[PDB]
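Reading through the structure tokens given below for one structure.
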Amino acid sequence: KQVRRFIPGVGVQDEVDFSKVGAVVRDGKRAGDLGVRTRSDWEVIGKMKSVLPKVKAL
Amino acid sequence: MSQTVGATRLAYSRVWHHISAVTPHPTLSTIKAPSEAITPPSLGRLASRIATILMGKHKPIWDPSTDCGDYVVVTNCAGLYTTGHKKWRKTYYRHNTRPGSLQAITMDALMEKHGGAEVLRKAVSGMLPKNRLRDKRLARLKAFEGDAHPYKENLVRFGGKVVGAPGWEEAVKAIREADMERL
Amino acid sequence: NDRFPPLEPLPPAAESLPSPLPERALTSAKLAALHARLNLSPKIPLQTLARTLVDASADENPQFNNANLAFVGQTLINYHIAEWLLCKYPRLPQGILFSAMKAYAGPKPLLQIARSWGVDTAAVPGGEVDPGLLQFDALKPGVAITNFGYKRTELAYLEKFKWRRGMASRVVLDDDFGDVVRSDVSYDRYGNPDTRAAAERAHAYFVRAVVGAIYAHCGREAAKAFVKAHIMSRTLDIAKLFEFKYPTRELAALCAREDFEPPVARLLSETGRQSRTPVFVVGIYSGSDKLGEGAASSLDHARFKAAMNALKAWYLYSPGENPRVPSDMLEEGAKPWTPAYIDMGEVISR
Amino acid sequence: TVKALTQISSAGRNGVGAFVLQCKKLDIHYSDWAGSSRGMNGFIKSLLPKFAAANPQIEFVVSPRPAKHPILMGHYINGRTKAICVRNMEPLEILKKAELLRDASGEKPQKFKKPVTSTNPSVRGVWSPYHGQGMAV
Amino acid sequence: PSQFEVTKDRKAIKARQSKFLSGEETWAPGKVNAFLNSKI
Amino acid sequence: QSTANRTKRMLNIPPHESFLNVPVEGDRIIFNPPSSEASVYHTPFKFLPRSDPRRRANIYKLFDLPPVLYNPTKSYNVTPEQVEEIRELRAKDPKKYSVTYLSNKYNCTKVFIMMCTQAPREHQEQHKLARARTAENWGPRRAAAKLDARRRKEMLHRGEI
Amino acid sequence: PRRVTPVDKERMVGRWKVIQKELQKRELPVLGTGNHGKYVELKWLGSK
Amino acid sequence: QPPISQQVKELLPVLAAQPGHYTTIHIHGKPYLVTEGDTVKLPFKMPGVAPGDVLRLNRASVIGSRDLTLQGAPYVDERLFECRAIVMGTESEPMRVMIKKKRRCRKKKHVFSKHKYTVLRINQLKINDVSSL
Amino acid sequence: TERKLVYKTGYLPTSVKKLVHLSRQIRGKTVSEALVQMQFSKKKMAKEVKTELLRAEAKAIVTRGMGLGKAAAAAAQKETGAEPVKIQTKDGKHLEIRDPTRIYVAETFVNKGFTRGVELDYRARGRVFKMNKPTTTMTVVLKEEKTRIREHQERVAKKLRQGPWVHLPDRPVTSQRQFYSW
Amino acid sequence: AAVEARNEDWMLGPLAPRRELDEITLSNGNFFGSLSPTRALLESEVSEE
RNA sequence: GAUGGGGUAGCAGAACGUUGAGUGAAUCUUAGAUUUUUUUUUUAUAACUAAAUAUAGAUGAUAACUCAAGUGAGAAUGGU
Ligand SMILES: [K+]
Ligand SMILES: [Mg+2]
Ligand SMILES: [Mg+2]
Ligand SMILES: [Mg+2]
Ligand SMILES: [Mg+2]
């Protein structure tokens with residue numbers, strides 16, 4: 001199992017679990033391209049006031 | 001580090017071992033056949049085995065700095081075994097730094113004043129590390145001339161049977177069998 | 001001033017609020033880091049993780065405070081730990097079962113769990129501080145979480161005149177850990193033994209809330225995994241929570257109850273008798289079987305030590321290191337439940 | 001009669017059950033006027049944006065510090081702090097130092113003495129003279 | 001030191017010593033050692 | 001020695017003899033009972049519930065007793081009527097009918113006499129003072145050696161000794 | 001954008017607002033040297 | 001895969017049933033006696049590992065309990081046990097200076113050494129059930 | 001909580017190796033016991049140390065307000081029949097403090113000051129050597145008996161915190177090996 | 001002397017010394033809180049600049 | 001999965017530090033510049049973090065690059 005890693009030459013390489021096997025390296029010039037959760041992603045999660053766990057799960 | 005995490009109490013305790021200078025020793029004897037020719041352990045071969053006990057080097061936790069030694073009670077030192085003509089031809093020398101004052105004495109003349117226990121203390125003393133623990137270790141060697149000594153109650157026992165006694169081995173195997181009745 | 005503009009844009013009526021606003025939690029780097037540090041799922045927003053840091057002493061309002069998140073969380077921790085402790089050690093006495101519960105989910109360990117997450121506390125609660133800091137008022141002791149335990153009528157006489165309490169009653173009247181229920185401002189002062197306890201209580205409430213917030217957002221299973229990972233993963237030597245009074249008498253009562261023949265102390269090995277540091281190895285035998293072994297320097301101490309080890313072995317019997325818990329059934333289909341061993345209670349003797 | 005002791009608490013083992021990165025904050029102080037901060041300014045523009053995205057559990061705080069060398073000061077969970085001066089270093093050297101602060105712990109440096117460190121008892125108890133087959137001198 | 005002539009400052013501290021020891025006056029902390037705003 | 005590596009070799013201790021007989025051409029399991037004191041988590045078979053299937057013959061089986069030290073005997077020589085006389089005498093003259101006199105008269109243990117009867121409060125306080133006056137004649141060397149004997153007994157019962 | 005000073009850190013922790021009251025209560029300067037002037041005892045003696 | 005010995009198939013359940021278990025793992029050939037929860041401080045900087053990576057150790061010479069010990073000829077079969085670790089970052093030592101010098105020669109050459117060490121944490125050490133094998 | 005006075009004497013016409021022995025004689029003693037030992041000493045500097053020890057006590061009482069509770073303390077001892085306090089100094093000397101305000105010499109050391117003068121020693125072969133006439137000062141730290149009653153209680157508590165002597169101590173095995181030797 | 005007098009007041013608190021009743025300083029011979037005539041009248045000659 | 005690794009006389013290369021100078025009428029400093037200390041971290045003859053003490057707005061300090069040397073001392077029965 002590997003964790004999210006930034007490679008200087010290539011870019012950010014997401015976490016991979018070789019037990020269930022995927023080295024995806026996303027490079028770009030914007031936060032969204034890297035594949036990480038940005039401030040905008042955190043504001044859409046805070047506006048989802050209707051989502052709720054199912055009663056059986058709870 | 002797990003192997004040494006635990007109770008070290010009994011690993012550092014002082015055990016009171018016992019050995020007779022007259023009982024034949026199949027291991028420390030140079031004559032290994034026939035059964036009737038097996039001799040006791042010689043002076044230097046008994047002393048080398050005792051120096052190992054006084055240093056605690058027989059333990060798996062031995063450390064030269066820590067004094068993890070044990071006690072050794074040596075009896076029947078009057079019949080201390082020796083080969084050749086050592087008893088009457090070996091000389092012990094002593095000097096006090098003053099020229100002229102060299103004191104010499106044979107092994108037999110040294111056994112008439114302080115018995116055979118002194119001849120054994122000199123052998124074990126020279127086999128111990130020359131440092132600040134040499135006198136503590138050598139003090140745990142309690143050598144006596146006959147079979148009488150004040151440590152007949154200190155000698156390590158297993159089930160009431162003193163080690164080296166007729167039936168001490170069987171008493172030890174009986175206690176370990178009950179130890180296996182557990183998870 | 002003109003040379004030093006404020007680092008954080010805040011309205012003028014922000015230093016008077018009890019705690020920062022909810023929308024303030026969406027611009028702090030401490031929360032976003034504390035959220036990713038605990039690997040919390042994206043279902044839990046930053047506005048909820050910001051509400052777990054506002055103690056009930058910094059904000060009196062029922063909302064905006066940790067009081068109701070900490071309660072629901074305390075129930076999950078105290079429950080999942082108890083069922084796991086009984087399934088692991090089904091013979092523990094009731095007294096030690098409270099100290100083991102307090103050793104895992106008590107305020108002291110929770111304080112170390114809160115500090116292991118990199119949670120810094122705020123000096124004084126206020127709206128200006130960033131929501132990423134645990135904010136509480138240690139000076140105010142008028143904060144107490146609702147507990148299922150009831151108040152004892154003799155509590156006044158209990159502390160003053162040293163009245164007896166008893167163990168069987170602590171299960172109903174006392175709290176989960178057996179404790180008794182209900183046991184301007186100038187900052188020119190020093191720490192106090194009460195503030196030290198109030199600060200510890202604040203850290204404990206935060207950790208409980210994180211489990212309560214996970215339950216509401218992520219459900220039951222997510223909360224159990226969190227408790228199992230951060231709280232149950234800790235190591236505790238339960239053998240060191242044992243204090244015995246007249247152990248030899250207790251062992252005789254145990255053997256008498258279980259019908260075992262009377263215990264007999266036997267000298268397995270001894271050395272250095274008549275010395276400064278002797279060693280006596282004694283083993284207590286019930287007939288042929290060997291119950292416990294004890295090695296001490298005194299003949300009496302060796303017999304007492306051996307009796308304690310015989311009792312520790314009885315109370316510390318464990319069916320398995322990772323035994324099944326009854327809570328594994330209510331979740332998705334699992335193997336049929338197997339009855340767990342139920343002890344008949346600790347031995348009471350003279 | 002068994003009485004419970006109420007002065008012993010459980011000890012946490014980071015890495016067992018859950019893992020928590022010790023480095024909880026990283027201060028990045030630069031200077032717009034100092035010549036030694038030339039590389040740090042490049043690291044903040046080309047390598048920090050991605051290094052900060054790969055470590056979402058670290059609080060990065062970039063603030064200026066004129067008339068002073070640039071430093072990387074990481075704060076750890078145990079309360080201690082490690083500061084590294086990166087004066088006259090190239091951007092990629094700043095990233096090799098920032099990786100040292102992330103992989104490191106607040107603990108002070110110590111000489112290598114023993115590989116393994118354990119708090120649990122021995123599976124096979126410590127050696128005891130009396131619990132064996134006996135030894136004959 | 002034993003031969004130095006006692007000045008007026010040493011003759012005043014010997015009278016205060018006899019007043020404090022006897023019990024006439026009661027000692028109190030100084031109030032002019034420094035002019036602090038805290039006044040504590 | 002000069003370096004740490006040289007010190008490690010001079011202080012070397014080989015592993016146990018059993019770990020030196022490594023197998024060849026396969027894996028095996030060997031019975032290696034260590035010469036050490038077992039913990040309290042190795043529950044004896046007598047303390048295991050009947051349901052527990054882990055109960056099994058000794059591992060050895062899958063491949064007289066030592067001297068007595070303390071074997072007490074309980075005796076009940078005091079009848080209910082004799083317990084009322086003990087309470088009368090003790091409360092009548094606590095100085096003459098001490099727990100030792102009554103222990104010998106009724107062939108009982110000194111503890112039992114105290115279980116069924118207690119001396120008057122005045123007499124008890126007189127006993128605590130007698131021992132208190134004896135504890136003030138001790139020097140600093142004997143008063144500290146007696147305090148250690150009281151702490152070693154409390155540490156023993158806490159599992160610290 | 002600017003240098004973080006000890007004062008800014010106190011504001012973040014919340015301690016600053018408590019310091020303003022104590023200093024103002026004791027008539028001490030908050031972010032200043034006050035209306036007191038520089039040492040002039042040596043200046044009046046002709047010190048250079 | 002070679003079948004496990006029948007003698008190992010009858011005593012492994014007795015070995016896994018006991019309370020505690022230890023193992024001697026081999027990293028790059030060097031042994032390390034560890035238990036679940038131990039913190040191994042390797043005397044080298046493992047290349048290509050960040051704090052949080054999970055390793056799977058597969059070279060174990062000895063897996064034993066108090067009374068029972070499982071010894072593989074070269075190594076124990078990977079199917080019998082399961083051991084895993086987690087990288088807890090890297091640590092360093094205080095810079096130690098070695099002064100190389102000879103008698104009657106003023107020159108003192110300095111050697112500065114500061115090595116890094118990877119720290120692991122044994123988070124799983126379990127013996128598998130081999131009834132199927 | 002504890003009063004203290006550090007008094008530096010004047011410039012005495014002597015050396016450190018001579019006055020060092022007079023500052024070690026009054027160390028630990030009470031101001032009264034020290035003044036009785038300086039009045040009957042054969043040293044010429046004992047008369048200067050006696051006047052400089054009376055000035056220190058005059059400042060300790062007027063400025064620091066030390067030793068001003070003898071009348072109040074004497075009451076509890078006799079009026080109420082109280083048991084005085086028994087302590088032991090760091091050296092081991094036992095004392096019975098009936099007045100906790102009694103002044104004593106906590107610390108004392110000697111420093112060397114400027115050179116008094118320079119005398120010329122004219123030896124043989126037309127050789128001259130400068131002889132430096134020395135000048136030294138002494139510093140005494142006067143405290144009350146509350147400092148000694150507190151320092152003693154701390155030492156007693158530090159001895160009751162190291163635990164008792166156990167017969168079989170659990171000494172650590174400070175050597176790691178990747179195997180079991182038993 | 002005021003840098004050390006202000007630290008004792010802050011620290012000693014109720015035990016602050018009554019310095020006004022202390023002896024003069026042999027360095028200059030001035031009492032506590034008192035100047036010298038040369039410094040109180042500013043009679044010390046100054047340079048032409 | 002590059003090769004190489006002791007060193008005197010001696011030869012060679014690459015750097016740090018010290019004093020002064022240019023950019024400099026520049027940059028920063030009671031929101032603490034500077035403080036012979038202590039402490040912390042970093043492959044480290046050096047700098048850095050923090051703490052403590054004191055109180056400066058320039059007759060203060062200073063990055064970077066460059067220029068010039070009264071530039072680096074356990075060793076001269078050396079000098080003061
Ligand atoms: K400084
Ligand atoms: Mg002449
Ligand atoms: Mg070579
Ligand atoms: Mg010279
Ligand atoms: Mg000279």
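Labels used: A, B, ... for chains in the order of the structure tokens, numbers from 1 for residues in each chain, and numbers from 1 for ligands as shown.
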Distance filter 8 Å, only C-alpha atoms, chain C against chain G, as a ChimeraX atom specification: /C:4,7,15,122-126,128-130,133,187
Chain G contacts to chain J at 8 Å (only C-alpha atoms) as a list in words: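 Residues passing the distance filter: residues 44, 45 and 46 of chain G.
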Near-segment 115-126 of chain D list (8 Å; only C-alpha atoms (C1' of nucleotides); drop same-chain fewer than 5 positions) as an MDAnalysis selection string: (chainID B and resid 1:8 11) or (chainID F and resid 34 36:39) or (chainID H and resid 20:22 32:35 37:43 65:67) or (chainID I and resid 182)
Expected selection as a VMD selection string for ligand 3 within 12 Å, only C-alpha atoms (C1' of nucleotides) and all ligand atoms: chain K and resid 4 to 7
Exercise: residue 23 of chain E partners within 12 Å, only C-alpha atoms (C1' of nucleotides), chain neighbours under 3 positions left out, as a PDB file with N, CA and C atoms, in the first residue's frame:
```
ATOM      1  N   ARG E  16      16.379  52.780  64.406  1.00  0.00           N
ATOM      2  CA  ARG E  16      15.272  52.013  63.849  1.00  0.00           C
ATOM      3  C   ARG E  16      15.336  50.562  64.304  1.00  0.00           C
ATOM      4  N   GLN E  17      16.545  50.002  64.369  1.00  0.00           N
ATOM      5  CA  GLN E  17      16.706  48.623  64.814  1.00  0.00           C
ATOM      6  C   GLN E  17      16.190  48.440  66.235  1.00  0.00           C
ATOM      7  N   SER E  18      16.423  49.427  67.102  1.00  0.00           N
ATOM      8  CA  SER E  18      15.942  49.328  68.474  1.00  0.00           C
ATOM      9  C   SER E  18      14.436  49.529  68.559  1.00  0.00           C
ATOM     10  N   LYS E  19      13.852  50.248  67.600  1.00  0.00           N
ATOM     11  CA  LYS E  19      12.410  50.468  67.609  1.00  0.00           C
ATOM     12  C   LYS E  19      11.651  49.257  67.085  1.00  0.00           C
ATOM     13  N   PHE E  20      12.192  48.580  66.071  1.00  0.00           N
ATOM     14  CA  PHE E  20      11.539  47.381  65.556  1.00  0.00           C
ATOM     15  C   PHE E  20      11.675  46.223  66.535  1.00  0.00           C
ATOM     16  N   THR E  26       6.056  48.795  63.656  1.00  0.00           N
ATOM     17  CA  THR E  26       5.820  47.546  62.947  1.00  0.00           C
ATOM     18  C   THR E  26       6.363  47.678  61.533  1.00  0.00           C
ATOM     19  N   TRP E  27       7.147  46.693  61.106  1.00  0.00           N
ATOM     20  CA  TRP E  27       7.750  46.746  59.783  1.00  0.00           C
ATOM     21  C   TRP E  27       6.698  46.538  58.701  1.00  0.00           C
TER      22      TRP E  27
ATOM     23  N   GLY I  67      13.892  38.655  61.825  1.00  0.00           N
ATOM     24  CA  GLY I  67      14.021  38.506  63.259  1.00  0.00           C
ATOM     25  C   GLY I  67      13.213  39.510  64.052  1.00  0.00           C
ATOM     26  N   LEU I  68      11.912  39.586  63.771  1.00  0.00           N
ATOM     27  CA  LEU I  68      11.012  40.489  64.477  1.00  0.00           C
ATOM     28  C   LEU I  68       9.784  39.747  64.990  1.00  0.00           C
ATOM     29  N   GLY I  69       9.953  38.485  65.372  1.00  0.00           N
ATOM     30  CA  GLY I  69       8.849  37.699  65.886  1.00  0.00           C
ATOM     31  C   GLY I  69       9.237  36.862  67.085  1.00  0.00           C
ATOM     32  N   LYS I  70      10.276  37.285  67.807  1.00  0.00           N
ATOM     33  CA  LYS I  70      10.715  36.523  68.970  1.00  0.00           C
ATOM     34  C   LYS I  70       9.679  36.573  70.085  1.00  0.00           C
ATOM     35  N   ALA I  71       9.110  37.753  70.341  1.00  0.00           N
ATOM     36  CA  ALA I  71       8.091  37.865  71.379  1.00  0.00           C
ATOM     37  C   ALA I  71       6.857  37.046  71.028  1.00  0.00           C
ATOM     38  N   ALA I  72       6.419  37.115  69.769  1.00  0.00           N
ATOM     39  CA  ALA I  72       5.254  36.346  69.346  1.00  0.00           C
ATOM     40  C   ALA I  72       5.551  34.852  69.333  1.00  0.00           C
TER      41      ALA I  72
END
```
Neighbourhood of ligand 1 at 12 Å, counting only C-alpha atoms (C1' of nucleotides) and all ligand atoms, reported as a list in words: residues 34, 35, 36, 37, 38, 39, 50, 51, 52, 53 and 54 of chain K
Taking C-alpha atoms (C1' of nucleotides) for each residue, export the selection above as a PDB file, in the first residue's frame.
```
ATOM      1  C1'   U K  34      21.021  44.756  18.355  1.00  0.00           C
ATOM      2  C1'   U K  35      22.331  41.977  22.850  1.00  0.00           C
ATOM      3  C1'   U K  36      30.363  37.988  23.422  1.00  0.00           C
ATOM      4  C1'   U K  37      25.477  33.617  26.752  1.00  0.00           C
ATOM      5  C1'   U K  38      22.437  29.276  26.739  1.00  0.00           C
ATOM      6  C1'   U K  39      19.466  26.307  23.655  1.00  0.00           C
ATOM      7  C1'   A K  50      13.725  29.520  20.724  1.00  0.00           C
ATOM      8  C1'   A K  51      14.610  31.377  25.652  1.00  0.00           C
ATOM      9  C1'   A K  52      16.633  34.831  29.124  1.00  0.00           C
ATOM     10  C1'   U K  53      18.761  39.984  30.187  1.00  0.00           C
ATOM     11  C1'   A K  54      18.947  45.037  28.705  1.00  0.00           C
TER      12        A K  54
END
```
